[PDB]
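Visitor: Starting off with a structure, shown below.
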2 protein chains.
Amino acid sequence: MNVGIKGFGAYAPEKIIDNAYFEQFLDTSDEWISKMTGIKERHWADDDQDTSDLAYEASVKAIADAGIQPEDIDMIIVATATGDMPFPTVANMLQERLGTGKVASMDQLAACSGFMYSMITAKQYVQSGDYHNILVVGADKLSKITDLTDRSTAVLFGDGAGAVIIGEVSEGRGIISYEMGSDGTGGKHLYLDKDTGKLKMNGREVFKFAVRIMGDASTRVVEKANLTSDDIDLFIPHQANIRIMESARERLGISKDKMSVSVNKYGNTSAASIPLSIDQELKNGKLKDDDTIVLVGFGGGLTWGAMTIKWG
Amino acid sequence: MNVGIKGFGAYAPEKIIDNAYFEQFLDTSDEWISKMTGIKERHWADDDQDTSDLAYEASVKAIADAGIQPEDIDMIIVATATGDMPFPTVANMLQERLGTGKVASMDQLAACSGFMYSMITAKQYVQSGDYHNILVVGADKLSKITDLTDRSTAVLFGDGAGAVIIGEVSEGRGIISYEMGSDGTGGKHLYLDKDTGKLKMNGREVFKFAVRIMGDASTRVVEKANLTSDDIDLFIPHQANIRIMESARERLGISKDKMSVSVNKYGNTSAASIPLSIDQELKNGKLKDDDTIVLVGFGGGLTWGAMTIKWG
């Protein structure tokens, strides 16, 4: 069987925040932020728009793109680290808002690597032959856990969502190979502070891990796919920092005209970052049926994931 | 392929809370609590003992019982609605604490149905042929989210953890049939208040829903397994309420001795509920190799999950 993406959709909220905005209360500048992260703007959800709302906009587009009805969905999986509540989950809320049947729904937590973990999980279910159209979403409203007084993190995160329908795809297409991992010793380097409720990060430690793991993991899934860098049409890494992405790109061997870059317009959106990037490449005519791409991400945990996909 | 439980272990914390304890802060009596819930005592975790610690205790027991080494685990999945933090997850924390490889590790959220969802998830992975020893944990420290000013919920919840190693078992044994579902229109009846951090419940509505689904989902998996009520040695429901459980027992027309009951000693421990009950039946000599049992959980979301397993 060939399991792949039957439909795709992504969404970013209305309010756009440019770099200049942070100078009103932080010791920063457009130049500094651009130079250190590659970010120029980022999108923040309105105060009445939560993670579930972002997830729902991405999900309706992915369903429409798959050409199926909400009744065709047989499972909903949501990768998020910022769900509205622990229960009901964002997945539970989509079940009702999308009007699907009373199908299994659950959220999965693996931070920025969440979308990858969830697509792979969906693959397993579809593979069993018992599921045919699984809605997988990667959504996060990071503005909810950002500490605005911390210049290091305040300018990094944005809000957004991406969604796909995982199911059987035509011959040769789909998820070819994949890799998932975690390393809890790095937990103290990126975590949600218990009584502050804000993201705390050891930037240098996360930077070092990101660059090595994203390059290593990418190389492994390309080989397990029996391919080489030259066969990859698009390299789509978690969009956390343009300097991390560039290092990982080198360590991979792929040319820059082949790496998707969207961190400049969205900042870091955790689980939604790879899908938002995919959306741009689709809209700018850079990703086509039968193109071969490599998705790779890292995240708090620490966690990582990577996969090779034959598009269409 | 026959996939089942290769190892099992459970854990409840030291501090035992009797019914008489609440009279000092609420309008309660042991008679009232006993009649409304069936609970006599429940266990609460120490202030420096979080959900991950409860999960670690259950996990070491399951690994020993499976006869494997930590290095043998190739995936960790923790079902919880009270994880220490959204990232790193309890699963990430176990990866480090248990000393396993840098395996994929994630938390799944489906409230009190989480353990069932997670075991079924692990099954898909073992069935793909790529994983052989998956640690699934059901853990919760509800004492963290209980509103102590609300007599109706303050007296129902306890803390605990359960764990199993999912992998291949001998012919005929293991997970025979299953089902999972959800209905988000029931979200308002049981949820975590986003602003207060405490559990909110509409007892009447949850009672109605729980009785109906516990009975309905149980029937459905017994039939899917081509068995009948009589072929079932033990019925192990989520221990949410003795009234709910009996009402669902009477509906099943089954003997008191065919239903495991531990809510009297643990209260409602959400995702740990079923494993702590199984632990009791093993310890008391009521569950032995080749017995065929039915597990069925239901909870916030709303969600539910059920399965039939031939033990061993």
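Chain lettering (A, B, ...) mirrors the order of the structure tokens, residue numbering begins at 1 for each chain separately, and ligand numbering begins at 1 in order of display.
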Mind checking which residues fall within 12 Å of residue B:98, counting only C-alpha atoms, ignoring those fewer than 3 positions away in the same chain, and posting them as number ranges by chain?

Guide: A: 183-185; B: 52-53, 55-64, 69-73, 75-76, 90-95, 101-103, 135

Visitor: Got time to write the residues from that selection, N, CA and C atoms, as a JSON list (two decimals), in the first residue's frame?

Guide:
```
[["chain", "number", "residue", "atom", "x", "y", "z"],
["A", 183, "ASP", "N", 15.30, 12.95, 23.04],
["A", 183, "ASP", "CA", 16.44, 12.96, 23.95],
["A", 183, "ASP", "C", 16.08, 13.85, 25.12],
["A", 184, "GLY", "N", 15.53, 13.23, 26.17],
["A", 184, "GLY", "CA", 15.08, 13.95, 27.34],
["A", 184, "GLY", "C", 16.11, 14.69, 28.16],
["A", 185, "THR", "N", 17.39, 14.41, 27.93],
["A", 185, "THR", "CA", 18.43, 15.11, 28.67],
["A", 185, "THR", "C", 18.41, 16.58, 28.27],
["B", 52, "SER", "N", 4.94, 12.51, 36.11],
["B", 52, "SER", "CA", 6.05, 11.74, 35.53],
["B", 52, "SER", "C", 6.66, 10.73, 36.48],
["B", 53, "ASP", "N", 6.68, 11.07, 37.78],
["B", 53, "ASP", "CA", 7.22, 10.18, 38.81],
["B", 53, "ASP", "C", 6.30, 8.97, 38.97],
["B", 55, "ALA", "N", 4.40, 7.82, 36.63],
["B", 55, "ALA", "CA", 4.61, 7.04, 35.43],
["B", 55, "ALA", "C", 5.93, 6.24, 35.49],
["B", 56, "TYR", "N", 6.96, 6.84, 36.03],
["B", 56, "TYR", "CA", 8.25, 6.14, 36.12],
["B", 56, "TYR", "C", 8.11, 4.88, 37.00],
["B", 57, "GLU", "N", 7.40, 4.99, 38.13],
["B", 57, "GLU", "CA", 7.22, 3.83, 39.02],
["B", 57, "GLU", "C", 6.48, 2.71, 38.33],
["B", 58, "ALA", "N", 5.41, 3.04, 37.60],
["B", 58, "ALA", "CA", 4.66, 2.01, 36.91],
["B", 58, "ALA", "C", 5.46, 1.38, 35.80],
["B", 59, "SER", "N", 6.24, 2.20, 35.09],
["B", 59, "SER", "CA", 7.05, 1.76, 33.95],
["B", 59, "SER", "C", 8.14, 0.74, 34.34],
["B", 60, "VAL", "N", 8.87, 1.01, 35.41],
["B", 60, "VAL", "CA", 9.90, 0.07, 35.78],
["B", 60, "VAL", "C", 9.28, -1.30, 36.08],
["B", 61, "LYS", "N", 8.10, -1.30, 36.71],
["B", 61, "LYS", "CA", 7.43, -2.57, 37.03],
["B", 61, "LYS", "C", 7.06, -3.32, 35.78],
["B", 62, "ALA", "N", 6.50, -2.62, 34.78],
["B", 62, "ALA", "CA", 6.11, -3.26, 33.52],
["B", 62, "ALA", "C", 7.31, -3.83, 32.73],
["B", 63, "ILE", "N", 8.44, -3.13, 32.76],
["B", 63, "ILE", "CA", 9.64, -3.61, 32.06],
["B", 63, "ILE", "C", 10.17, -4.91, 32.69],
["B", 64, "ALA", "N", 10.22, -4.95, 34.01],
["B", 64, "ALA", "CA", 10.65, -6.14, 34.70],
["B", 64, "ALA", "C", 9.68, -7.27, 34.37],
["B", 69, "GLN", "N", 14.96, -5.34, 28.86],
["B", 69, "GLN", "CA", 15.88, -4.32, 29.34],
["B", 69, "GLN", "C", 15.38, -3.00, 28.77],
["B", 70, "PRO", "N", 15.70, -1.88, 29.44],
["B", 70, "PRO", "CA", 15.27, -0.56, 28.97],
["B", 70, "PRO", "C", 15.70, -0.33, 27.52],
["B", 71, "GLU", "N", 16.91, -0.77, 27.21],
["B", 71, "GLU", "CA", 17.46, -0.67, 25.87],
["B", 71, "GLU", "C", 16.57, -1.35, 24.83],
["B", 72, "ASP", "N", 15.71, -2.27, 25.28],
["B", 72, "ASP", "CA", 14.83, -3.00, 24.37],
["B", 72, "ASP", "C", 13.60, -2.19, 23.91],
["B", 73, "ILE", "N", 13.21, -1.18, 24.69],
["B", 73, "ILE", "CA", 12.04, -0.34, 24.35],
["B", 73, "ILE", "C", 12.30, 0.49, 23.09],
["B", 75, "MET", "N", 9.81, 2.64, 21.64],
["B", 75, "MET", "CA", 8.83, 3.74, 21.58],
["B", 75, "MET", "C", 8.14, 3.86, 22.93],
["B", 76, "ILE", "N", 7.84, 5.10, 23.32],
["B", 76, "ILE", "CA", 7.18, 5.36, 24.59],
["B", 76, "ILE", "C", 5.95, 6.22, 24.28],
["B", 90, "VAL", "N", 5.89, 13.95, 29.54],
["B", 90, "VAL", "CA", 6.17, 12.89, 30.48],
["B", 90, "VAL", "C", 6.94, 11.80, 29.72],
["B", 91, "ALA", "N", 6.50, 11.50, 28.50],
["B", 91, "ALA", "CA", 7.18, 10.48, 27.70],
["B", 91, "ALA", "C", 8.66, 10.84, 27.50],
["B", 92, "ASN", "N", 8.96, 12.11, 27.22],
["B", 92, "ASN", "CA", 10.36, 12.52, 27.05],
["B", 92, "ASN", "C", 11.13, 12.29, 28.35],
["B", 93, "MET", "N", 10.48, 12.60, 29.46],
["B", 93, "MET", "CA", 11.08, 12.46, 30.77],
["B", 93, "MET", "C", 11.37, 10.99, 31.08],
["B", 94, "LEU", "N", 10.48, 10.10, 30.65],
["B", 94, "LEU", "CA", 10.70, 8.68, 30.85],
["B", 94, "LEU", "C", 11.86, 8.19, 29.98],
["B", 95, "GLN", "N", 12.00, 8.73, 28.76],
["B", 95, "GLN", "CA", 13.10, 8.33, 27.88],
["B", 95, "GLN", "C", 14.42, 8.51, 28.63],
["B", 101, "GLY", "N", 16.95, 3.89, 24.56],
["B", 101, "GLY", "CA", 17.62, 4.51, 23.43],
["B", 101, "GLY", "C", 16.93, 5.86, 23.20],
["B", 102, "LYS", "N", 17.35, 6.59, 22.17],
["B", 102, "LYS", "CA", 16.78, 7.89, 21.86],
["B", 102, "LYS", "C", 15.54, 7.66, 20.97],
["B", 103, "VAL", "N", 14.63, 6.84, 21.49],
["B", 103, "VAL", "CA", 13.43, 6.46, 20.79],
["B", 103, "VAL", "C", 12.36, 7.51, 20.75],
["B", 135, "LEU", "N", 6.37, 0.83, 25.21],
["B", 135, "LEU", "CA", 5.92, 1.13, 26.57],
["B", 135, "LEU", "C", 4.74, 2.10, 26.51]]
```

Visitor: Excluding residue A:201 and its own-chain neighbours fewer than 3 positions away, which residues fall within 10 Å of it when counting only C-alpha atoms? Please give them as a PyMOL selection string.

Guide: chain A and resi 152-153+187-193+198+204-206+300

Visitor: Could you turn the residues from that selection into a file that holds C-alpha atoms, as a compact mmCIF listing (two decimals), in the first residue's frame?

Guide:
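Final file, again-v3.txt:
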```
# COMPACT_ATOMS: atom_id res chain seq x y z
CA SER A 152 15.38 36.50 23.22
CA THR A 153 12.07 34.64 22.88
CA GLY A 187 14.55 18.90 28.49
CA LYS A 188 16.01 21.65 30.64
CA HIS A 189 17.05 23.54 27.48
CA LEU A 190 13.51 24.23 26.19
CA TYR A 191 10.43 23.94 28.36
CA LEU A 192 7.23 25.50 29.65
CA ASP A 193 7.92 27.07 33.04
CA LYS A 198 5.90 30.85 29.69
CA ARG A 204 22.76 28.13 22.39
CA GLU A 205 22.02 24.58 23.53
CA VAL A 206 18.92 24.33 21.31
CA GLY A 300 11.30 20.75 22.84
```

Visitor: Once DSSP has gone over the backbone, tell me which residues of stretch 180-244 of chain A are in strand (DSSP E or B), as a ChimeraX atom specification.

Guide: /A:180-182,190-192,199-201,234-237

Visitor: Which one of A:268, A:80, A:177, A:29 sits closest to chain B if you count only C-alpha atoms?

Guide: A:80

Visitor: List the neighbours of residue A:162 out to 8 Å using only C-alpha atoms; skip same-chain residues closer than 5 positions along the sequence, and give me the result as a PyMOL selection string.

Guide: chain A and resi 8-11+55+58-59+137-139+272-276

Visitor: May I have the residues from that selection written out with C-alpha atoms, as a short mmCIF file (atom, residue, chain, number, x, y, z; two decimals), in the first residue's frame?

Guide:
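The resulting selection.cif:
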```cif
data_model
loop_
_atom_site.label_atom_id
_atom_site.label_comp_id
_atom_site.auth_asym_id
_atom_site.auth_seq_id
_atom_site.Cartn_x
_atom_site.Cartn_y
_atom_site.Cartn_z
CA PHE A 8 -3.37 19.83 2.32
CA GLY A 9 -4.26 23.18 3.87
CA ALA A 10 -2.67 25.78 6.14
CA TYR A 11 -3.63 28.92 8.01
CA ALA A 55 -6.69 24.30 13.52
CA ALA A 58 -6.46 24.73 8.22
CA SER A 59 -8.63 21.61 8.45
CA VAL A 137 -3.24 18.88 12.10
CA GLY A 138 -0.19 20.76 13.38
CA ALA A 139 -1.36 23.92 15.17
CA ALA A 272 2.57 24.53 12.15
CA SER A 273 5.90 25.55 10.66
CA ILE A 274 6.47 22.82 8.10
CA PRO A 275 2.89 22.98 6.71
CA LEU A 276 2.97 26.79 6.41
#
```

Visitor: Pick from A:66, A:293, A:12, A:213: nearest to chain B, with only C-alpha atoms counted?

Guide: A:213

Visitor: Quick one: everything within 6 Å of residue B:296, counting only C-alpha atoms, minus sequence neighbours fewer than 6 positions away in the same chain. Send it as a PDB file with N, CA and C atoms, in the first residue's frame.

Guide:
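Listing of part.pdb after writing:
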```pdb
ATOM      1  N   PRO B 237     -14.067  -1.750  33.723  1.00  0.00           N
ATOM      2  CA  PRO B 237     -14.360  -0.411  33.232  1.00  0.00           C
ATOM      3  C   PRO B 237     -13.526   0.652  33.907  1.00  0.00           C
ATOM      4  N   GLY B 305     -13.320   4.376  24.698  1.00  0.00           N
ATOM      5  CA  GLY B 305     -12.494   3.386  24.034  1.00  0.00           C
ATOM      6  C   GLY B 305     -12.706   2.042  24.697  1.00  0.00           C
ATOM      7  N   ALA B 306     -12.746   0.958  23.929  1.00  0.00           N
ATOM      8  CA  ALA B 306     -12.953  -0.366  24.532  1.00  0.00           C
ATOM      9  C   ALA B 306     -12.219  -1.441  23.767  1.00  0.00           C
TER      10      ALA B 306
END
```

Visitor: Can you tell me, as an mmCIF file with N, CA and C atoms, in the first residue's frame, what residues are no more than 10 Å from residue A:150 when counting only C-alpha atoms, ignoring any on the same chain fewer than 5 positions away?

Guide:
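What ended up in result.cif:
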```cif
data_model
loop_
_atom_site.group_PDB
_atom_site.id
_atom_site.type_symbol
_atom_site.label_atom_id
_atom_site.label_comp_id
_atom_site.auth_asym_id
_atom_site.auth_seq_id
_atom_site.Cartn_x
_atom_site.Cartn_y
_atom_site.Cartn_z
ATOM 1 N N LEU A 26 11.379 46.751 24.164
ATOM 2 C CA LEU A 26 12.546 45.889 24.290
ATOM 3 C C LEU A 26 13.761 46.549 23.677
ATOM 4 N N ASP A 27 14.939 46.088 24.064
ATOM 5 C CA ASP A 27 16.142 46.647 23.489
ATOM 6 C C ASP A 27 16.497 45.841 22.253
ATOM 7 N N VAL A 155 10.567 37.787 20.253
ATOM 8 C CA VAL A 155 10.573 38.040 18.822
ATOM 9 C C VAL A 155 10.652 36.778 17.960
ATOM 10 N N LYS A 200 10.552 28.805 28.237
ATOM 11 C CA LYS A 200 11.888 29.205 28.646
ATOM 12 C C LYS A 200 12.860 28.413 27.780
#
```
